[PDB]
Amino acid sequence: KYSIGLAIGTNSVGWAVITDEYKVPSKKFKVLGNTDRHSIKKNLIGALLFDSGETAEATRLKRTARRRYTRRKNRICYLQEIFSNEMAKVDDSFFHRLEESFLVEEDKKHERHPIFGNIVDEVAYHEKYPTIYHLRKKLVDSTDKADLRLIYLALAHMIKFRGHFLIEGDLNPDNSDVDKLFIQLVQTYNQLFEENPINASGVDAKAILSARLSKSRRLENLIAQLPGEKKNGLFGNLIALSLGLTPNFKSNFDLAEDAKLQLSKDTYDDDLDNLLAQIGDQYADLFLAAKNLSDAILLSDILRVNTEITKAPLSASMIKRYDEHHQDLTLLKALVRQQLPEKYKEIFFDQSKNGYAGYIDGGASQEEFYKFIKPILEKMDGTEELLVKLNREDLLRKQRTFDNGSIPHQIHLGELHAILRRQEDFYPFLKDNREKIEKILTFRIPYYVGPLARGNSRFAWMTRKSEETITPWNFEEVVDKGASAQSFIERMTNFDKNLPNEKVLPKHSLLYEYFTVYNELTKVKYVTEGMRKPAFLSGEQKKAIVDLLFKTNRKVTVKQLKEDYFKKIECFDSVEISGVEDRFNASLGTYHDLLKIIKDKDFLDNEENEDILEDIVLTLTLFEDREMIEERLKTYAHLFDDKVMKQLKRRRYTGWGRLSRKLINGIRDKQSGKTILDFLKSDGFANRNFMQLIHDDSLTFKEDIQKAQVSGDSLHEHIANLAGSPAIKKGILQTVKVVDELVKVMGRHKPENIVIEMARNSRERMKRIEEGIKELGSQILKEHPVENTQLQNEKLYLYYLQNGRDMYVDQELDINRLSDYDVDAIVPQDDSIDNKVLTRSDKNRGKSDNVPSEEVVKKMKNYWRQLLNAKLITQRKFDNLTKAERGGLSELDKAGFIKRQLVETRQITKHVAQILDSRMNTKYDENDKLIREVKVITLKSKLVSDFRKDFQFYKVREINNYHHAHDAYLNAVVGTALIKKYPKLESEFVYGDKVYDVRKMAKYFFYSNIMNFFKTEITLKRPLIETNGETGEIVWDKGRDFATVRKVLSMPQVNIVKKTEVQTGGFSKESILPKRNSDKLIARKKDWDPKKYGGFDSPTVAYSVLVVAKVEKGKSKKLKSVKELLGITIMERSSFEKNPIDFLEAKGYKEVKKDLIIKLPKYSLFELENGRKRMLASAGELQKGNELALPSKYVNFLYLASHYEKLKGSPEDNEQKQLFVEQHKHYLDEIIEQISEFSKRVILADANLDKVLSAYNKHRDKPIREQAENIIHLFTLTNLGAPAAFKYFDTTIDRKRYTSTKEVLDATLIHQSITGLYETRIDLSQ
RNA sequence: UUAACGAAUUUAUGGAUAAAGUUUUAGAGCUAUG
DNA sequence: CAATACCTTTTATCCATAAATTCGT
DNA sequence: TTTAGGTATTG
RNA sequence: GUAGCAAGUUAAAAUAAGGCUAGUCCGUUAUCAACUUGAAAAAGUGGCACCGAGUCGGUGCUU
């Protein structure tokens, strides 16, 4: 006897309940707790507010670094382990001294100076190597033996910061002068070619080769410079090669098959010799010269500076940076003293300022310092040399900045290698471990491996050959690299939907292809002259045809079948095929790709070979890595000629299928003994399809299927599997929790109807007219100009696409009065530009029930075509405009019109329907078919949206939160209504498979716009009492039912519930905070008194706990009993739950009443005093609790007062809409007054209200549309939720926050249910 | 996901890396003047 | 106290898998 | 991308 | 301590406290009114009708 209407979003589930006659019911509810309120009445309408669900993404990102850091201290640790034994000879406590570098000297356990214990030698060190980058250049350049500590600092510093792995390959210090490298390339081609020598001449190889242009555009510029040679010529292919293009030398040598070579792709080292053996090995020397150039190009942008003197360009790059800063510092530092020496203290001494002193000592960014002194630079002479340095964005640069991520790790290795190479003569262990160290900088755990777990990671999948611990150096021997990469993909691969216990087969699987082929073929039927009736393909023909036609050719067309098989093999001269369209959809692409490679047709047909052929595709489809496939296939090498093997590694397959191996060939009917496949060929004269095979009660397949699936899943797994936003899933979980408690409410009775709905260019307008009057060539853009911000008004913008002439009358339109002109939809109500037109009168188009008439088209069938070529209209706009000459909107064209509009297309929402639909109908009748006890409906969001506008139930968001339920109410009404009149739409609108026929055009309705029947009076007659045509059920009364809808909207009591949530996540605000003598400073790691070292701050409060114990006071230390709110932080909560009391005593409580302790989750609910409500937003803060039920007349007024998007509706209706403003103009004083009684009652912020009251007084004479909108802001003051700031038109009003929580402790605590209806209240007394 | 195959973008889940930030210490502040 | 003002790590790169979405053949 | 809770200090 | 001036660009170390399963692992997502039951997963618990409407008020029958 009831129906539920849901309105789902990101932050709300809205829910209302409807009657046979569309009221919203009520009921008295029993109330628990020690309070005198023992029962209360509530309406059966509401919404459920919650904070949005959070993606795992941010979390997983924290995970990455968590991993990066525990692996970086690991890498530096490895270098120490190499050094430890040998460093100890030089310095006993060097490593210790660095470990404890961060400790204050009071806490230091060794000398304060790290590199060397003595004060004196540290001073010199920084004297001679101010930056590490200084030291690095020295360690690379000098031939002298350098101190081991110094050596260690260089290596570890490159190892701590490697730069990126975004190159695969290698790069050298020799490869910096591209010309020097270029000429060597030219030189080799010349020591090899005496008929066509080339000359280097005066080609600016350096400038041409390395520039921001395409890898292609640079290429053309090289060969342009030279004496004229073909980009296709050999030298161009080599120049091309370096540039990273794929160049094919086939045309040059006219080789039999094409062999291109790319230097980024893997196949380069292998391809070169495959080409090289035919060409001869002499030629090989050239290509390496060409690769070398590539490497010179590659780093040519990363270190643009000259690096000719040294083997350490990066550090050379830094050292030049450091000196320019020193140079430019003094030039600035002096020039400020020279002419403007008053500000110097502000710039260079005050840290807070964003001066240089701020730049270095303060936290100002390079960006902030540059901006701050650009004024000063251009107020003093000699600035310009300095300023061209600032506009360059290269001034007083730090060595280490955001920029450096650009550097490729390789360039660091070259400095480390060169450092190691230098000093290995002096220290033996370095020569031995040089290789072992280099792997540290070079090593990177490959992604397909995943984290190297020992079964203790959710995420990890890798596999190991030996259970021993993994170093960068033994990785290959312990880690099963390949079988890891299979596991890697296999976990993200789909399962088989029909039996989701077995993995999907590769889509290109040979078993898969056959199944996909035979299922299309079983349903093929042939009709011939001899036969009385059409007959299925029989068991032999499928088996013949496939051997005959599918093995011969990749794709099989129908004419191929009748001429190649039917006429040739059965000698039927004519036949007719019902079963398939113009060609067979399936194909055996692998058979042929496999047939052509192994070149053995016998090998493909022996069924004993199928187990071996599946594995080749599965390994072939799986693996990315050239090497890796081979380690797998080697088991098979014997079956095959070595040349056969070579082609197989090449073919790689992309994509995973739909179905399991087991389903197709493993499952077997206990009765028939035959598998799925074996029923797909040879089913006898009645030949069944795959769906039919699973859906045959007599066969074991439907029963065998059902067993795997139940073994189903709980709600979260059912809900979480859903595809879409992780947040809108939350509303779903809550939306279903909401229905289920609604069910509890109706005496455990189920509802008949359920209606669910979920909610979801400024310059684009300027460019589509710019180019559409450019190809029209018209001067209507020149005649009157407009701006880019203006065209969000339709009637202005539609004039411009039209060019000033009406598509219905062919005359020029006045610019000033578009008010008199109508916007016309090409098709009777679509609001897009595609279907909107502007003419003086919309009756010119013909009948208003008719498509734009033949009468107007004939004058302007040409104007609309002029507009299409100028992209001033679209194919959808035009094909609807001319549509009168295609018989107009056909009954079947009009069926496309409304049917497309109404049905929900979104795959998430659909799934929700199942979720509800399956959760309702548990009962099954004696037949297998389901009982549709409850009907689920999915409504588009627009349908209600226009109805509110059409039928005076206007929506304003920010006044209130009641509108959330109000859409749920309105969604239940429009829903139950559209299905009450038309069951023919039950199959379209409801998850229920019945079936609906398009043919009608059960006569129902002539007109194309669906939402008409509610209307008492409609724009060109309906009886006010509506009934279904076929059964006589009375469905809509235009007079009777409407009163209650406006009344229910108008209802002042709705259930608004904001879901209560223990706070999860990060412990505290992330920033490190400087040492302080505060007690709220959280220590970073144990031995660091934040007072000494700095610490954290601002912990997040997981939940509040109410305490009722005693405490010590004064030097007296007297015990007196306190009751208050304790803030359990996220860090604390783990510790708190183990022992509440011991933990409580440690925070200072004595004699806690253990039993009365209440954990108050966030958004917790209290009503105190006069029934104003407070939500606990923290242990120490509170949040607004009451929504102000603005009377319906004001909402409706304010929406029209707000004058949303000028006026969209019909213009005669608009004069009453404007009239309503003046008639209800005195309301503005009434609206403001509503707030005042409510603020004074609930908000208790009078401080603020006063600047408000003293502000509406001031702008009384300002217009209403402007005044009303600014009035709307205020409600955020009155709004449930957080104090946040709002502004009246000229004044910003700050928020009134509740920094004391005492008022709760003596109030009545409210626990409410998910609906809000069932409660337990608790009045608080110590 | 389509009446069927492909391509793309998006979002979701997952992996491997990078560069900045922040914090305490080390980078002997000197010269007049109590 | 309760106002008051102030605070709140970010920005890249590569690889995979999947739905869902809108194009194509 | 802006929220809305910490946090310390004032008249 | 106030005046004067020199100075500055780098480094090391930590990067959620930390946990045991000590792995070159894990540590911010989802999930949560209350009461009884449960290790948890979860299951259980709240008469109806009418008249009305400033955030639910009254009344009749059963209870």
# chains A, B, ... in the order shown; residues from 1 in each chain; ligands from 1
$ residues_around --residues "residue 22 (chain B)" --least-positions-apart "3" --cutoff "12 Å" --atoms "only C-alpha atoms (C1' of nucleotides)" --output "PyMOL selection string"
(chain A and resi 362-363+1070-1074+1094-1096) or (chain C and resi 9-10) or (chain E and resi 14-15)
$ closest_atom_pairs --of "chain C" --to "region 4-7 of chain D" --cutoff "12 Å" --atoms "only C-alpha atoms (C1' of nucleotides)" --output "JSON lines"
{"residue": "C:4", "atom": "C1'", "partner": "D:7", "partner_atom": "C1'", "distance": 11.8}
{"residue": "C:5", "atom": "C1'", "partner": "D:7", "partner_atom": "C1'", "distance": 10.5}
{"residue": "C:6", "atom": "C1'", "partner": "D:7", "partner_atom": "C1'", "distance": 8.3}
{"residue": "C:7", "atom": "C1'", "partner": "D:7", "partner_atom": "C1'", "distance": 7.8}
{"residue": "C:8", "atom": "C1'", "partner": "D:6", "partner_atom": "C1'", "distance": 9.4}
$ residues_around --residues "residue 17 (chain E)" --least-positions-apart "4" --cutoff "8 Å" --atoms "only C-alpha atoms (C1' of nucleotides)" --output "PyMOL selection string"
chain A and resi 1084-1085+1131
$ closest_atom_pairs --of "chain A" --to "chain B" --cutoff "6 Å" --atoms "only C-alpha atoms (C1' of nucleotides)" --output "tab-separated table"
residue	atom	partner	partner_atom	distance
A:101	CA	B:25	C1'	5.5
A:102	CA	B:25	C1'	4.4
A:103	CA	B:25	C1'	5.7
A:104	CA	B:25	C1'	5.8
A:113	CA	B:26	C1'	5.4
A:163	CA	B:18	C1'	5.7
A:164	CA	B:18	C1'	5.0
A:401	CA	B:20	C1'	5.9
A:402	CA	B:20	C1'	4.9
A:404	CA	B:19	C1'	5.9
A:405	CA	B:19	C1'	4.0
A:446	CA	B:16	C1'	5.8
A:447	CA	B:16	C1'	4.2
A:450	CA	B:15	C1'	5.5
A:1072	CA	B:22	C1'	5.4
A:1093	CA	B:24	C1'	5.3
$ interface_residues --of "chain A" --to "chain D" --cutoff "12 Å" --atoms "only C-alpha atoms (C1' of nucleotides)" --output "PyMOL selection string"
chain A and resi 51+1068-1069+1078-1081+1096-1101+1162+1176-1183+1281-1285+1295+1297-1299
$ write_last_selection --atoms "N, CA and C atoms" --output "CSV table (one decimal), in the first residue's frame"
chain,number,residue,atom,x,y,z
A,51,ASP,N,29.4,13.1,4.3
A,51,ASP,CA,30.6,13.6,3.6
A,51,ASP,C,31.0,12.6,2.5
A,1068,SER,N,47.8,14.0,11.5
A,1068,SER,CA,47.9,15.4,11.9
A,1068,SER,C,48.3,16.2,10.7
A,1069,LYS,N,48.2,17.5,10.8
A,1069,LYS,CA,48.7,18.4,9.7
A,1069,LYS,C,50.1,18.0,9.3
A,1078,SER,N,55.8,24.9,23.1
A,1078,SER,CA,54.5,24.5,23.3
A,1078,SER,C,54.4,23.0,23.6
A,1079,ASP,N,53.3,22.7,24.2
A,1079,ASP,CA,52.9,21.3,24.6
A,1079,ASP,C,52.0,20.6,23.6
A,1080,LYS,N,51.5,21.3,22.6
A,1080,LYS,CA,50.7,20.6,21.6
A,1080,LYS,C,51.6,20.2,20.4
A,1081,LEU,N,52.9,20.3,20.6
A,1081,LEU,CA,53.8,19.9,19.6
A,1081,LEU,C,54.0,18.4,19.7
A,1096,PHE,N,55.4,18.0,15.1
A,1096,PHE,CA,54.1,18.2,14.4
A,1096,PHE,C,53.2,19.0,15.3
A,1097,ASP,N,51.9,19.1,14.9
A,1097,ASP,CA,50.9,20.1,15.3
A,1097,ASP,C,49.6,19.6,14.8
A,1098,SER,N,48.5,20.1,15.4
A,1098,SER,CA,47.1,19.9,14.8
A,1098,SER,C,46.7,18.5,14.5
A,1099,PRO,N,46.7,17.6,15.5
A,1099,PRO,CA,46.2,16.2,15.2
A,1099,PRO,C,44.7,16.2,14.8
A,1100,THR,N,44.4,15.3,13.9
A,1100,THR,CA,43.0,15.0,13.6
A,1100,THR,C,42.4,14.2,14.7
A,1101,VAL,N,41.1,14.5,15.1
A,1101,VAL,CA,40.4,13.9,16.2
A,1101,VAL,C,39.6,12.7,15.8
A,1162,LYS,N,32.1,12.1,14.9
A,1162,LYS,CA,31.9,13.4,14.3
A,1162,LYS,C,30.5,13.5,13.7
A,1176,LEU,N,28.4,18.2,17.0
A,1176,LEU,CA,29.7,18.1,17.5
A,1176,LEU,C,30.7,18.0,16.3
A,1177,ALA,N,31.4,19.1,16.0
A,1177,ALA,CA,32.3,19.0,14.9
A,1177,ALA,C,33.7,18.6,15.3
A,1178,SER,N,33.9,18.7,16.6
A,1178,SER,CA,35.2,18.3,17.2
A,1178,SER,C,35.1,18.0,18.7
A,1179,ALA,N,36.2,17.6,19.3
A,1179,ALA,CA,36.2,17.6,20.7
A,1179,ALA,C,35.9,19.0,21.3
A,1180,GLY,N,36.4,20.1,20.6
A,1180,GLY,CA,36.4,21.4,21.0
A,1180,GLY,C,35.6,22.4,20.2
A,1181,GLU,N,34.9,22.0,19.2
A,1181,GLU,CA,34.2,22.8,18.3
A,1181,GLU,C,32.8,22.2,18.1
A,1182,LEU,N,31.8,23.0,17.7
A,1182,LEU,CA,30.5,22.5,17.4
A,1182,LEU,C,30.1,23.2,16.1
A,1183,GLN,N,29.0,22.6,15.5
A,1183,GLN,CA,28.6,23.0,14.1
A,1183,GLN,C,27.1,23.2,14.1
A,1281,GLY,N,25.4,23.3,9.2
A,1281,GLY,CA,26.7,22.9,8.8
A,1281,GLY,C,27.9,23.9,9.1
A,1282,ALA,N,28.6,24.2,8.2
A,1282,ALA,CA,29.7,24.8,8.9
A,1282,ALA,C,29.5,26.3,8.9
A,1283,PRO,N,29.9,27.0,9.9
A,1283,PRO,CA,30.1,28.4,9.8
A,1283,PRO,C,31.1,28.6,8.7
A,1284,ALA,N,30.7,29.3,7.7
A,1284,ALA,CA,31.6,29.8,6.7
A,1284,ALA,C,31.1,31.2,6.3
A,1285,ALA,N,32.0,31.9,5.6
A,1285,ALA,CA,31.7,33.3,5.4
A,1285,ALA,C,30.9,33.6,4.2
A,1295,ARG,N,32.4,34.3,9.8
A,1295,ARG,CA,31.7,33.3,10.4
A,1295,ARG,C,31.8,33.3,11.9
A,1297,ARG,N,32.2,31.0,15.0
A,1297,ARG,CA,32.5,29.6,15.4
A,1297,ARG,C,32.5,29.4,16.9
A,1298,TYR,N,32.1,28.1,17.2
A,1298,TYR,CA,31.8,27.7,18.5
A,1298,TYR,C,32.9,27.1,19.3
A,1299,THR,N,33.9,27.9,19.7
A,1299,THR,CA,35.2,27.4,20.2
A,1299,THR,C,35.1,26.7,21.6
$ select_by_dssp --residues "region 1175-1276 of chain A" --states "alpha helix (DSSP H)" --output "PyMOL selection string"
chain A and resi 1192-1202+1211-1223+1227-1238+1246-1256+1264-1276
$ select_by_dssp --residues "region 906-1137 of chain A" --states "strand (DSSP E or B)" --output "ChimeraX atom specification"
/A:924,930,935-938,990,1025-1027,1034-1037,1055-1058,1061,1068,1073,1082-1083,1095-1096,1099,1101-1107,1110-1113,1118-1121,1124-1129
$ interface_residues --of "chain C" --to "chain A" --cutoff "10 Å" --atoms "only C-alpha atoms (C1' of nucleotides)" --output "PyMOL selection string"
chain C and resi 1-3+8-9+11-21
$ residues_around --residues "residue 46 (chain E)" --least-positions-apart "4" --cutoff "9 Å" --atoms "only C-alpha atoms (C1' of nucleotides)" --output "ChimeraX atom specification"
/A:29-32,745,1318-1319
$ interface_residues --of "chain E" --to "chain A" --cutoff "7 Å" --atoms "only C-alpha atoms (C1' of nucleotides)" --output "VMD selection string"
chain E and resid 8 to 13 16 to 17 21 23 to 25 28 to 29 32 to 34 46 54 to 56
$ write_last_selection --atoms "C-alpha atoms (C1' of nucleotides)" --output "PDB file, in the first residue's frame"
ATOM      1  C1'   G E   8      74.325  33.834   2.110  1.00  0.00           C
ATOM      2  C1'   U E   9      73.584  29.415  -3.269  1.00  0.00           C
ATOM      3  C1'   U E  10      75.655  23.296   0.201  1.00  0.00           C
ATOM      4  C1'   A E  11      75.324  19.277   2.880  1.00  0.00           C
ATOM      5  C1'   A E  12      73.978  15.203   6.301  1.00  0.00           C
ATOM      6  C1'   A E  13      69.290  13.021   8.718  1.00  0.00           C
ATOM      7  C1'   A E  16      53.089  10.048   8.767  1.00  0.00           C
ATOM      8  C1'   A E  17      54.082   7.560  15.639  1.00  0.00           C
ATOM      9  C1'   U E  21      54.921 -11.299  10.212  1.00  0.00           C
ATOM     10  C1'   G E  23      59.677  -8.679   4.324  1.00  0.00           C
ATOM     11  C1'   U E  24      64.836  -3.963  -0.086  1.00  0.00           C
ATOM     12  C1'   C E  25      57.315  -5.848   3.996  1.00  0.00           C
ATOM     13  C1'   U E  28      45.888   7.897   5.519  1.00  0.00           C
ATOM     14  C1'   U E  29      40.739   4.081   0.769  1.00  0.00           C
ATOM     15  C1'   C E  32      30.300   2.677  11.379  1.00  0.00           C
ATOM     16  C1'   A E  33      23.525   6.031  15.229  1.00  0.00           C
ATOM     17  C1'   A E  34      21.512   3.106  19.678  1.00  0.00           C
ATOM     18  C1'   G E  46      10.356   0.233  17.635  1.00  0.00           C
ATOM     19  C1'   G E  54       7.083  26.708  12.324  1.00  0.00           C
ATOM     20  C1'   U E  55      10.831  21.674  12.465  1.00  0.00           C
ATOM     21  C1'   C E  56       5.472  17.452  14.720  1.00  0.00           C
TER      22        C E  56
END
$ atom_distance --atom1 "CA of residue 244 (chain A)" --atom2 "CA of residue 218 (chain A)"
11.3 Å
$ atom_distance --atom1 "CA of residue 808 (chain A)" --atom2 "CA of residue 820 (chain A)"
15.2 Å
$ residues_around --residues "residue 2 (chain B)" --least-positions-apart "3" --cutoff "12 Å" --atoms "only C-alpha atoms (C1' of nucleotides)" --output "PDB file with N, CA, C and O atoms (P, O5', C5', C4', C3', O3' and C1' of nucleotides), in the first residue's frame"
ATOM      1  P     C B   5      32.508  -8.394 -30.930  1.00  0.00           P
ATOM      2  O5'   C B   5      33.437  -8.406 -32.207  1.00  0.00           O
ATOM      3  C5'   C B   5      34.797  -8.751 -32.136  1.00  0.00           C
ATOM      4  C4'   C B   5      35.559  -7.853 -33.063  1.00  0.00           C
ATOM      5  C3'   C B   5      36.377  -6.774 -32.406  1.00  0.00           C
ATOM      6  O3'   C B   5      37.599  -7.297 -31.944  1.00  0.00           O
ATOM      7  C1'   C B   5      35.170  -5.870 -34.255  1.00  0.00           C
ATOM      8  P     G B   6      38.584  -6.440 -31.016  1.00  0.00           P
ATOM      9  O5'   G B   6      38.715  -5.032 -31.734  1.00  0.00           O
ATOM     10  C5'   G B   6      39.905  -4.699 -32.414  1.00  0.00           C
ATOM     11  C4'   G B   6      39.736  -3.440 -33.204  1.00  0.00           C
ATOM     12  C3'   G B   6      40.168  -2.167 -32.518  1.00  0.00           C
ATOM     13  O3'   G B   6      41.571  -2.004 -32.593  1.00  0.00           O
ATOM     14  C1'   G B   6      38.098  -1.848 -33.619  1.00  0.00           C
TER      15        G B   6
ATOM     16  P    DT C  22      27.767   8.643 -24.133  1.00  0.00           P
ATOM     17  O5'  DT C  22      28.844   9.063 -25.208  1.00  0.00           O
ATOM     18  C5'  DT C  22      29.558  10.237 -25.080  1.00  0.00           C
ATOM     19  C4'  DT C  22      30.562  10.264 -26.194  1.00  0.00           C
ATOM     20  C3'  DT C  22      30.000  10.271 -27.609  1.00  0.00           C
ATOM     21  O3'  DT C  22      30.821  11.134 -28.380  1.00  0.00           O
ATOM     22  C1'  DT C  22      31.514   8.525 -27.422  1.00  0.00           C
ATOM     23  P    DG C  24      31.095   8.700 -36.142  1.00  0.00           P
ATOM     24  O5'  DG C  24      32.166   7.557 -36.547  1.00  0.00           O
ATOM     25  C5'  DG C  24      33.417   7.936 -37.157  1.00  0.00           C
ATOM     26  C4'  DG C  24      34.451   6.789 -37.235  1.00  0.00           C
ATOM     27  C3'  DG C  24      34.068   5.575 -38.103  1.00  0.00           C
ATOM     28  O3'  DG C  24      34.395   5.785 -39.490  1.00  0.00           O
ATOM     29  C1'  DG C  24      34.757   4.779 -36.031  1.00  0.00           C
ATOM     30  P    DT C  25      33.434   5.229 -40.663  1.00  0.00           P
ATOM     31  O5'  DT C  25      33.891   3.689 -40.877  1.00  0.00           O
ATOM     32  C5'  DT C  25      35.297   3.326 -40.915  1.00  0.00           C
ATOM     33  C4'  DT C  25      35.519   1.889 -40.438  1.00  0.00           C
ATOM     34  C3'  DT C  25      35.192   0.803 -41.453  1.00  0.00           C
ATOM     35  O3'  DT C  25      36.391   0.194 -41.901  1.00  0.00           O
ATOM     36  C1'  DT C  25      34.159   0.332 -39.300  1.00  0.00           C
TER      37       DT C  25
END
$ atom_distance --atom1 "CA of residue 497 (chain A)" --atom2 "CA of residue 721 (chain A)"
12.7 Å
$ residues_around --residues "residue 1315 (chain A)" --least-positions-apart "3" --cutoff "9 Å" --atoms "only C-alpha atoms (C1' of nucleotides)" --output "compact mmCIF listing (two decimals) with N, CA, C and O atoms, in the first residue's frame"
# COMPACT_ATOMS: atom_id res chain seq x y z
N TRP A 15 14.91 10.75 0.02
CA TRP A 15 13.93 9.67 0.11
C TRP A 15 12.56 10.15 0.60
O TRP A 15 12.46 10.72 1.69
N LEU A 44 7.07 10.68 6.83
CA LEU A 44 7.79 9.66 6.06
C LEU A 44 8.49 10.25 4.84
O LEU A 44 8.39 9.72 3.72
N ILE A 45 9.19 11.37 5.02
CA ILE A 45 9.98 11.95 3.95
C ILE A 45 11.31 12.39 4.53
O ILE A 45 11.37 12.83 5.69
N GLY A 46 12.36 12.27 3.74
CA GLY A 46 13.65 12.73 4.22
C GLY A 46 14.77 12.65 3.21
O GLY A 46 14.60 12.30 2.04
N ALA A 47 15.94 13.00 3.71
CA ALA A 47 17.18 12.83 3.00
C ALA A 47 18.22 12.46 4.04
O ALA A 47 18.00 12.61 5.25
N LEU A 48 19.37 11.96 3.56
CA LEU A 48 20.49 11.51 4.38
C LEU A 48 21.76 12.16 3.86
O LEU A 48 22.21 11.85 2.74
N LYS A 737 20.75 1.04 2.23
CA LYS A 737 20.51 0.95 3.67
C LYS A 737 19.24 1.68 4.04
O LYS A 737 18.58 1.33 5.03
N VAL A 738 18.96 2.77 3.30
CA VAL A 738 17.75 3.59 3.45
C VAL A 738 16.48 2.85 3.05
O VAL A 738 15.46 2.90 3.74
N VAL A 739 16.50 2.19 1.90
CA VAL A 739 15.33 1.41 1.54
C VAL A 739 15.08 0.33 2.57
O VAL A 739 13.97 0.22 3.10
N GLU A 741 15.68 0.07 5.77
CA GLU A 741 15.03 0.50 7.00
C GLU A 741 13.62 0.99 6.74
O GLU A 741 12.74 0.75 7.56
N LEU A 742 13.38 1.64 5.60
CA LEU A 742 12.01 1.93 5.18
C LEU A 742 11.13 0.68 5.22
O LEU A 742 9.97 0.75 5.61
N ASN A 1055 12.90 15.03 7.70
CA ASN A 1055 14.01 14.36 8.37
C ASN A 1055 15.26 14.66 7.59
O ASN A 1055 15.41 14.25 6.43
N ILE A 1056 16.13 15.45 8.21
CA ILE A 1056 17.45 15.72 7.71
C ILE A 1056 18.40 15.12 8.71
O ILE A 1056 18.35 15.45 9.90
N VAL A 1057 19.21 14.18 8.22
CA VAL A 1057 20.17 13.40 8.98
C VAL A 1057 21.52 13.52 8.26
O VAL A 1057 21.58 13.30 7.04
N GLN A 1312 20.20 8.88 16.19
CA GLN A 1312 19.12 8.72 15.22
C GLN A 1312 19.49 7.61 14.23
O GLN A 1312 20.67 7.30 14.05
N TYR A 1318 13.80 6.21 13.94
CA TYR A 1318 13.94 5.48 15.18
C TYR A 1318 15.06 6.12 15.99
O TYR A 1318 16.14 6.36 15.44
$ decode --residues "region 20-39 of chain E" --atoms "C-alpha atoms (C1' of nucleotides)" --output "PDB file, in the first residue's frame"
ATOM      1  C1'   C E  20      55.912  -7.975  13.774  1.00  0.00           C
ATOM      2  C1'   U E  21      54.921 -11.299  10.212  1.00  0.00           C
ATOM      3  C1'   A E  22      61.530  -8.123  10.679  1.00  0.00           C
ATOM      4  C1'   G E  23      59.677  -8.679   4.324  1.00  0.00           C
ATOM      5  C1'   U E  24      64.836  -3.963  -0.086  1.00  0.00           C
ATOM      6  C1'   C E  25      57.315  -5.848   3.996  1.00  0.00           C
ATOM      7  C1'   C E  26      53.399  -2.899   6.262  1.00  0.00           C
ATOM      8  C1'   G E  27      51.476   1.777   8.309  1.00  0.00           C
ATOM      9  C1'   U E  28      45.888   7.897   5.519  1.00  0.00           C
ATOM     10  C1'   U E  29      40.739   4.081   0.769  1.00  0.00           C
ATOM     11  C1'   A E  30      36.198   1.616   1.629  1.00  0.00           C
ATOM     12  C1'   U E  31      33.153   0.475   6.373  1.00  0.00           C
ATOM     13  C1'   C E  32      30.300   2.677  11.379  1.00  0.00           C
ATOM     14  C1'   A E  33      23.525   6.031  15.229  1.00  0.00           C
ATOM     15  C1'   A E  34      21.512   3.106  19.678  1.00  0.00           C
ATOM     16  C1'   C E  35      20.162  -1.423  22.516  1.00  0.00           C
ATOM     17  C1'   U E  36      20.446  -7.045  22.994  1.00  0.00           C
ATOM     18  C1'   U E  37      23.505 -11.103  20.385  1.00  0.00           C
ATOM     19  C1'   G E  38      28.358 -12.173  18.349  1.00  0.00           C
ATOM     20  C1'   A E  39      35.650 -13.230  18.101  1.00  0.00           C
TER      21        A E  39
END
